[PDB]
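Chains as they are written, first to last, in the entry's author numbering: chain JD, 1 to 430; chain 1I, 6 to 44, 69 to 106; chain 1B, 201 to 399; chain JC, 1 to 39, 45 to 439; chain 1K, 50 to 98; chain 1M, 3 to 371.
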Amino acid sequence: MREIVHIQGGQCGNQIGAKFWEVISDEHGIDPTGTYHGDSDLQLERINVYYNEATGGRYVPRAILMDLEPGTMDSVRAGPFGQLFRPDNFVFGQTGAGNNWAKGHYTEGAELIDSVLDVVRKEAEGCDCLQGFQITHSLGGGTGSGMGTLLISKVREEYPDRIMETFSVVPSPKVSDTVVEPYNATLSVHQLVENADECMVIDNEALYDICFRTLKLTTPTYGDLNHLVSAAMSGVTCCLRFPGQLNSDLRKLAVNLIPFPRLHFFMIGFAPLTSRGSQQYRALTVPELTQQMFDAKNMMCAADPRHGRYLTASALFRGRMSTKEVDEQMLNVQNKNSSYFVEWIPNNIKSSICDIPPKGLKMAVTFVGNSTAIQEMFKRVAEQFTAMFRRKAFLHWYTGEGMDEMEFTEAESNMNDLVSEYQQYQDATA
Amino acid sequence: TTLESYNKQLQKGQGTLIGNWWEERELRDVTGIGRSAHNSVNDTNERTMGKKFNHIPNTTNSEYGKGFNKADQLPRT
Amino acid sequence: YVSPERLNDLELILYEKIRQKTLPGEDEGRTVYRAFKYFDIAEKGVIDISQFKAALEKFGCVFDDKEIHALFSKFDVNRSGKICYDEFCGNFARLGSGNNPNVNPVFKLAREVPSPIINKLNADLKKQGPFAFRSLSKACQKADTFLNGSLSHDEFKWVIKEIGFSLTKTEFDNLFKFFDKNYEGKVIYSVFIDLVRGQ
Amino acid sequence: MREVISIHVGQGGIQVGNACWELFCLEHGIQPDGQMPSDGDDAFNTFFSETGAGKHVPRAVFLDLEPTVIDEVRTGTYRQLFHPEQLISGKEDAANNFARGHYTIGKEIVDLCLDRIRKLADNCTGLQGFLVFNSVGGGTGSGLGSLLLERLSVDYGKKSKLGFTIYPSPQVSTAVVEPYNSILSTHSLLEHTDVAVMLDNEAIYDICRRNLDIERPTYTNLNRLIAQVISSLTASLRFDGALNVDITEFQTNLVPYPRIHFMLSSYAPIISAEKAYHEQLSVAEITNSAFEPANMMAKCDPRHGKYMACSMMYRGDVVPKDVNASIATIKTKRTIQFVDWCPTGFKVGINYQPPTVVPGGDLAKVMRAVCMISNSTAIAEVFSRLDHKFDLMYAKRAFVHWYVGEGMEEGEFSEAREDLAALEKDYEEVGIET
Amino acid sequence: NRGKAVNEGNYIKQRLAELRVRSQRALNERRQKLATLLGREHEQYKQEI
Amino acid sequence: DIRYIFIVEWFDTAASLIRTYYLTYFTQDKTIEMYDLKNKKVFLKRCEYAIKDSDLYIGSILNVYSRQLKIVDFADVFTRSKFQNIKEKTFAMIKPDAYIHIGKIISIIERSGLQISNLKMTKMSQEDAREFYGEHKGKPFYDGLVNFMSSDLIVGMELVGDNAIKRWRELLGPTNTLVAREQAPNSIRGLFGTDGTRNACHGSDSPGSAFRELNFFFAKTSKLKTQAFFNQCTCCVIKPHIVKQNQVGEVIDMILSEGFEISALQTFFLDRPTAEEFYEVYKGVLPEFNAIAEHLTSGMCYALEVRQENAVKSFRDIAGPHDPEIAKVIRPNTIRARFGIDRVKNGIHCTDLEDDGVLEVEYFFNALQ
Ligand SMILES: Nc1nc2c(ncn2[C@@H]2O[C@H](COP(=O)(O)OP(=O)(O)OP(=O)(O)O)[C@@H](O)[C@H]2O)c(=O)[nH]1
Ligand SMILES: Nc1nc2c(ncn2[C@@H]2O[C@H](COP(=O)(O)OP(=O)(O)O)[C@@H](O)[C@H]2O)c(=O)[nH]1
Ligand SMILES: [Mg+2]
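1. Roughly how many whole angstroms lie between the Cα atoms of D306 (chain JC) and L32 (chain 1I)?
2. Please list, in chain order, the chain 1M residues whose beta carbon lies closer than 7 Å to that of residue 46 (chain 1I).
3. Should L257 (chain JD) and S188 (chain JD) be called a contact, given that it needs their Cβ atoms to be closer than 7 Å?
4. Is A339 (chain 1M) near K330 (chain 1M), with beta carbons less than 7 Å apart?
5. Closest to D99 (chain 1M) by C-alpha separation, out of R200 (chain 1M), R69 (chain 1M), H351 (chain 1M), would be which residue?
6. Give a single yes or no on whether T88 (chain 1I) has its beta carbon closer than 6 Å to a heavy atom of ligand 3.
7. Find out if the Cβ-Cβ distance for the pair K166 (chain JC), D199 (chain JC) is shorter than 7 Å.
8. Is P316 (chain 1B) close to chain JD? Criterion is C-beta to C-beta, closer than 7 Å.
9. Going along the chain, which residues of its own chain have a beta-carbon closer than 8 Å to the beta-carbon of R121 (chain JC), five neighbours each way excluded?
10. Assuming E22 (chain JC) is part of the alpha helix (DSSP H), what are its boundary residues?
11. At 7 Å on the CB atoms, spell out the chain JD contacts of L8 (chain 1I), in chain order.
12. If you measure beta-carbon to beta-carbon, which residues of the segment 353-383 of chain 1B are closer than 8 Å to chain JD?
13. Would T109 (chain JC) pass as an interface residue toward chain JD - the criterion being a Cβ-Cβ separation below 7 Å?
14. Taking any Cβ of chain JC, which residues in the segment 229-240 of chain 1B have a Cβ under 8 Å from it, in chain order?
15. Beta carbon of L253 (chain JD): closer than 6 Å to some heavy atom of ligand 2?
16. Rounded to whole angstroms, what's the CA-CA distance from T214 (chain JD) to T73 (chain 1I)? Just pull it up for me.
17. Please report the distance separating the alpha-carbon of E311 (chain 1M) from that of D39 (chain JC).
18. In three-state terms, what does DSSP make of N382 (chain 1B)?
19. Please list, in chain order, the chain JC residues whose beta carbon lies closer than 9 Å to that of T89 (chain 1I).
20. Where does the unbroken beta strand (DSSP E) through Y36 (chain JD) begin, and where does it stop?
21. Buried or exposed: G95 (chain JC), going by 16 or more other Cβ atoms within 10 Å of its Cβ?
22. Give the list of continuous alpha helix (DSSP H) stretches no shorter than 4 residues that lie fully inside the segment 267-352 of chain JD.
23. Have a look at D431 (chain JC) and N83 (chain 1I) and give me their C-alpha separation to the nearest angstrom.
24. Can you confirm whether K280 (chain JC), when its beta carbon is compared against all beta carbons of chain 1M, has any partner nearer than 7 Å?
25. Are the CB atoms of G251 (chain 1M) and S109 (chain 1M) nearer to each other than 7 Å?
26. Below 8 Å, how does it come out for the segment 25-37 of chain JC and the segment 2-11 of chain JC: are there three or more Cβ pairs, yes or no?
27. Report the start-end ranges of each alpha helix (DSSP H) in the segment 206-242 of chain JC that is 4 residues or longer and not cut off at the edges.
28. Along the chain, which unbroken stretches of the alpha helix (DSSP H) at least 4 residues long are found entirely within the segment 373-429 of chain JC?
What follows is the structure, given as structure tokens:
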């Protein structure tokens with residue numbers, strides 16, 4: 001029933017995906033042993049979207065795990081919820097990529113992807129009706145960015161009509177932990193613009209900032225950050241699994257949110273986020289929820305939207321509420337901040353309502369926005385790229401195994417063109 | 006940011022009244038491990078989401094047919 | 201008569217018709233479960249013999265009344281007259297799950313203890329003091345002014361509210377579902393107090 | 001003998017048909033299971054048909070491509086009422102795209118829908134017409150409704166069609182690409198519908214607020230109001246009264262020209278259970294509240310235009326003598342103005358049955374009510390603002406690739422725009438004096 | 050063929066009114082009988098005062 | 003000080019729907035105040051109405067400002083705890099040897115402080131009286147008691163009060179009446195007992211026995227026929243205000259002592275349309291029907307049947323004029339003069355026509371049964 005399959009690659013995808021399947025299993029009332037122990041009948045009506053039922057009555061997720069090393073796959077198997085994943089869905093090499101884009105995309109990626117493409121193909125035709133794909137990986141790494149983008153290309157030529165989503169962890173220079181980020185960041189971005197239908201960029205610095213200020217947690221960990229990302233992921237497909245007043249699936253998001261084919265990079269956010277020690281001292285109302293979700297410091301990207309103008313935004317409300325407030329608040333925030341919304345498109349905000357909120361919460365909102373302020377990520381990456389490519393430093397590894405500087409020039413050129421056109425409509429008037 | 010610093014491990018009490026002492030106390034009270042359990070595993074659910082009010086309401090479409098007026102069953106005349 | 205293997209023959213006949221209508225990717229338990237929920241309008245969770253006969257008629261397995269009574273009687277062990285289709289559907293799921301020594305079929309044949317609502321009550325009761333468990337037993341006895349051994353719907357709400365637990369509607373439904381198995385309208389507090397205290 | 005067939009396509013159509021059929025069942029005393037305890046005139050024959058022994062089944066058909074709303078209808082309290090194969094459910098949602106529901110995925114459901122409607126018509130013997138409830142600013146609503154209208158208009162011919170559409174509000178709306186689908190649906194319905202009623206959402210929000218003192222309105226209240234309007238309009242077809250009006254006396258009184266059949270509705274009295282019994286509720290004042298501009302269910306100001314024809318359907322204990330005095334006072338009033346070539350502009354229908362009230366609702370139990378369907382030249386404002394919205398975003402060809410890539414030809418936008426402009430010009434010309 | 054049912058229905062509603070007036074008249078005389086009884090007694094009670 | 007808060011529920015007539023309020027009761031100075039669930043507005047604020055403490059209980063009906071309210075349940079733990087103690091039920095039974103002492107038995111029960119929730123008089127047949135007292139069988143007391151029970155009319159009762167299961171017995175006295183005279187002379191049996199098997203009344207011993215008897219006697223599924231005649235008799239109704247004022251014991255004995263044989267009496271709760279049709283003989287008739295009809299449904303009432311050689315006028319002689327103010331002057335020793343207070347609450351009500359007494363008693367014991 002318009003079910004979606006999940007593909008997770010690299011170290012980020014494995015860690016984010018593992019935390020993601022914990023939230024969904026909790027939401028659907030599935031124990032780590034795979035046996036249903038839920039509460040309401042609503043939890044089984046659309047369980048086929050994310051799970052497959054095996055003989056014997058246990059439900060197994062339809063996920064594929066990717067890596068060039070067994071370093072992270074053994075830990076997730078040994079960790080909690082690690083028995084859900086089918087062992088035939090684990091595919092890995094024995095060499096690793098070593099933070100090299102070409103190794104995961106030309107030499108080792110090419111030889112290994114033949115096996116995994118068989119697993120995805122078997123998973124897709126087994127189910128009745130596909131709805132699309134969703135991808136979790138990293139662009140600043142070797143195996144995630146290298147092999148990950150190759151499979152996007154491979155599956156795109158086989159399923160040209162199905163939608164496809166990505167949750168991309170693009171690097172930020174403030175959290176400097178790799179010296180070769182600008183090279184393989186641009187290459188992945190160049191390949192991602194012709195194939196991916198929806199891209200949602202994520203930054204660690206933005207995630208770290210939210211934990212310190214909003215949650216007021218003295219010292220966080222990847223476990224906390226992985227949960228925030230997983231929260232946004234489940235909120236996007238909320239109306240695809242539960243009854244509501246205004247249902248909206250993945251395709252309905254793209255139609256409302258993508259004006260032009262090359263403008264499909266988004267920045268997301270989640271609300272409400274509240275510290276443990278101050279939860280009972282504030283009220284949960286739609287005016288409060290809408291106030292935080294437009295806060296410039298609440299989104300998962302370091303870019304400030306107040307430095308650009310929104311083209312289109314979408315809000316996916318959850319829980320029990322009245323549509324009058326939802327429609328009135330969207331109009332209210334669109335009028336008092338008319339300088340932040342581009343004029344030549346009227347009513348550029350979409351709203352949707354789903355009756356079932358996440359467990360333990362009354363109301364929640366997932367915000368997905370398409371603003372010109374995302375050019376800062378590409379502008380800043382390009383600046384570091386040309387500063388390092390000028391001296392041809394750190395270059396012989398790529399060129400020594402079938403890579404050429406020509407498509408380095410091509411990748412930088414196309415991304416620079418994307419930046420120019422993306423902020424062109426900021427200055428455009430009717 | 007100079008957190009941790011001059012407040013090491015402790016159980017119960019207000020602490021040393023420096024930095025983030027207040028927020029950590031309620032976190033410590035609700036779950037034993039108020040600051041980054043060393044590598069008593071930590072569950073990210075309560076630290077991020079918060080207190081859970083578990084309840085699953087109706088879909089508002091199974092709300093049309095059900096509606097009852099107690100007065101209409103009176104014997105009248 | 202129909203005490204002998206004729207009783208189990210109808211199950212095989214009934215199982216085949218369930219399998220024929222079984223949707224792809226689904227077990228036989230869900231297929232027959234939706235049939236029973238379709239008929240009962242109270243949504244209580246239990247059905248009588250008249251509803252049970254109608255549900256079988258939907259699948260096409262219509263027999264004479266004397267055969268239908270035995271099928272109802274076999275599963276209605278307590279002879280209360282109200283069967284739970286939760287146990288009925290689970291029984292047929294294991295029948296179609298096949299026989300395999302390597303894999304267990306789990307499934308459900310009896311309503312489980314709810315679990316976390318009981319555990320939360322036990323943890324909260326420990327905060328009041330050493331005699332908190334006395335108060336819960338004392339409250340039930342004093343609220344039950346008539347000494348009958350059971351409490352009603354609203355009375356159970358008051359006893360929990362008197363202690364100081366503001367449980368939500370869903371939590372009451374789960375707790376009341378297991379303890380009042382066939383919906384007599386009353387719950388035996390003696391069983392409830394035993395489970396919350398422990399072993 | 002006399003029956004209507006109601007078509008419910010789209011999320012809004014189904015979510016309002018829920019309230020419509022709830023109200024019909026409660027009004028005719030039919031239990032949700034289908035049996036009528038009664039305790045016998047055949048006043049239900051319009052909406053329900055007997056099975057020969059016991060239950061009554063509606064003459065209803067439900068269409069949608071996403072199974073979400075259909076499944077919950079099959080699951081809820083009305084599971085035993087509707088015919089199991091009369092709730093048609095598709096596979097993939099149209100996803101807010103007009104071209105999707107009209108060219109590629111909506112072409113595989115019209116065959117089934119036409120087969121079911123043909124079976125229903127064959128079962129019927131004295132079919133009066135069709136009632137269509139659909140959403141305009143959506144994908145599967147506009148496109149599939151347009152395709153169904155095109156099919157029916159050639160398949161059946163002269164049978165009357167009445168539509169209750171939901172136009173986008175000037176400022177309060179959900180989708181962003183809604184101007185395209187709205188314009189295309191207007192071009193489709195202009196030639197194939199005989200009566201259209203505007204039912205935008207923001208106006209009803211103001212009605213509920215200002216009347217019922219409710220600060221948290223929801224779609225349920227709006228659907229209940231729409232169902233009340235439908236029942237008040239169709240009561241005279243099935244209940245006894247002094248002056249009876251059927252649907253062919255409706256068009257003949259309300260459609261001056263073939264291309265002018267767009268109308269908007271008003272309802273009164275709409276009062277809570279607290280303020281109802283301190284107020285007079287006379288016939289003279291409910292007809293004033295009906296003509297009050299703020300009480301109409303479409304966000305339009307009648308004071309900027311003229312009136313061409315008004316239909317007034319009274320139900321309750323109304324006396325024909327008082328209606329004449331109230332109409333005379335209304336005509337004497339100078340704020341409300343008519344067109345010169347329309348000396349008489351009122352058609353009156355009276356029904357004996359008092360309005361029915363649903364338990365747990367917001368409206369009180371009253372003894373008199375009136376619903377007024379009026380044709381006016383002021384409706385051109387909504388088309389004007391929709392055209393203004395369309396041209397502003399079509400200059401840079403925004404979201405066009407979503408439509409061309411599915412099979413829509415780009416040249417249809419220009420045709421729809423020209424048709425809307427011609428309709429506006431036709432409305433402008435009629436309003437002038439002679 | 051439905052005219053048979055209409056005729057019987059009119060017969061019943063015609064007869065109920067016919068039987069209603071007889072019942073009302075029989076109860077109306079008790080209204081007058083009790084009024085005279087209490088009326089005389091008040092005169093007796095007043096005279097005793 | 004301390005506050006008692008209930009939930010009340012009033013049925014409107016002009017509006018079909020029914021409403022609900024709080025009816026806060028400041029017991030420090032006995033003042034009434036009502037607040038409503040919906041629309042959050044104070045209804046009636048801090049005004050005294052002289053509402054007594056004893057009438058506050060679940061299911062009670064109290065009238066304020068011409069709109070009568072019905073308590074349905076409590077609203078908080080503090081209010082619930084105070085009044086949940088007074089909920090005990092017990093089965094009081096009057097044996098057919100103390101038939102002439104019914105009024106005296108009832109009165110001292112009333113001054114004991116207990117409350118009679120329900121009451122009815124009937125004759126237990128041979129078979130059901132044998133099933134009753136079923137725990138005895140082998141004892142020789144069983145056969146004698148079974149033969150005694152089916153002798154004549156019996157009065158059954160259900161008492162509600164604090165510690166009623168044992169407070170009933172301690173005034174009831176020792177089970178043997180002979181030893182009662184020297185141990186506790188002031189007791190039911192000490193005053194009205196002859197011997198062991200002919201003791202005055204019967205009481206409940208265990209709560210399980212209380213359940214067994216109460217469902218045997220006052221439940222809907224009961225096989226006890228309301229044994230009553232319908233010839234040579236009139237009906238008299240004890241108005242609710244007498245029940246509230248606690249004189250019902252002082253009226254039954256006074257009626258019995260005048261030579262009138264009572265055949266059946268039962269407890270009734272009736273609504274306004276039902277009470278309206280009872281006085282249909284008084285509809286547009288002299289006595290200003292509205293107030294007397296409204297008051298009759300303002301609470302619990304006792305309905306009695308009186309049998310005598312000349313039932314109608316002879317009983318009407320001892321009832322007196324329907325106005326107690328004029329009765330007191332001229333007929334000082336009549337029921338209405340001694341018990342009635344004003345025109346609308348004139349104590350007892352008796353039919354006052356020779357021929358309509360047969361249907362008057364038939365309405366309560368056949369039509370309304
Ligand atoms: N008043 C009212 N309007 C509704 C309701 N449901 C949907 N709508 C209208 O429908 C419009 C959006 O289209 P939907 O009905 O949600 O979806 P659709 O028409 O079925 O088309 P798809 O999105 O392709 O499925 C909104 O702008 C609403 O105005 C409802 O229950 N009440
Ligand atoms: N938010 C988050 N970021 C992670 C996690 N694991 C790794 N990262 C980030 O990913 C970057 C390294 O990417 P890497 O794993 O080497 O990519 P790969 O080699 O292709 O798998 C680092 O900068 C980390 O900040 C995680 O669990 N959560
Ligand atoms: Mg839809």
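Where a beta carbon is used, it is the ideal one built from N, C-alpha and C, also for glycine.
Let me spell this out:
1. When the Cα atoms are used, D306 (chain JC) and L32 (chain 1I) turn out to be separated by approximately 58 Å.
2. As shown, the structure holds no coordinates for residue 46 (chain 1I); chain 1I passes over it, running from 44 to 69.
3. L257 (chain JD) is not a Cβ neighbour of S188 (chain JD), given a cutoff of 7 Å.
4. Between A339 (chain 1M) and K330 (chain 1M), the C-beta gap is smaller than 7 Å, which places the two residues in contact.
5. If we check each option's Cα against that of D99 (chain 1M), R200 (chain 1M) comes out closest.
6. Shortest gap from the CB of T88 (chain 1I) to any heavy atom of ligand 3: 6 Å or more.
7. Closer than 7 Å, so yes.
8. Output row for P316 (chain 1B): interface = no.
9. Around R121 (chain JC): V66, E90, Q91, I93.
10. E22 (chain JC): member of the alpha helix (DSSP H) spanning 11-28, first to last residue.
11. Those within 7 Å of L8 (chain 1I) in chain JD are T218, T219.
12. Cβ contacts with chain JD: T370, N374.
13. No, no contact with chain JD.
14. For the segment 229-240 of chain 1B, which is checked against every Cβ of chain JC, the residues closer than 8 Å are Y238.
15. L253 (chain JD) Cβ: outside cutoff for every heavy atom of ligand 2.
16. If you draw a straight line from the Cα of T214 (chain JD) to the Cα of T73 (chain 1I), it comes to about 15 Å.
17. Linking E311 (chain 1M) to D39 (chain JC) through their CA atoms gives a straight-line distance of about 46 Å.
18. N382 (chain 1B) falls in the coil class under three-state DSSP.
19. The answer, in chain order, is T223, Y224, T225.
20. Counting along the chain, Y36 (chain JD) falls outside any beta strand (DSSP E), and DSSP gives it neither H nor E.
21. Here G95 (chain JC) is buried, its C-beta having at least 16 other C-beta atoms within 10 Å.
22. Within the segment 267-352 of chain JD, the complete alpha helix (DSSP H) runs of at least 4 residues fall at 286-293, 323-336.
23. The straight-line gap from Cα to Cα measures roughly 59 Å.
24. Not closer than 7 Å to any Cβ of chain 1M, the Cβ of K280 (chain JC) fails to qualify, so no.
25. Closer than 7 Å, so yes.
26. As far as the Cβ criterion goes, the segment 25-37 of chain JC does not touch the segment 2-11 of chain JC, which means the pair count is below three.
27. Complete alpha helix (DSSP H) runs here, min 4: 206-217, 224-239.
28. Counting whole runs of 4 or more residues, the segment 373-429 of chain JC contains the alpha helix (DSSP H) stretches 385-399, 406-409.
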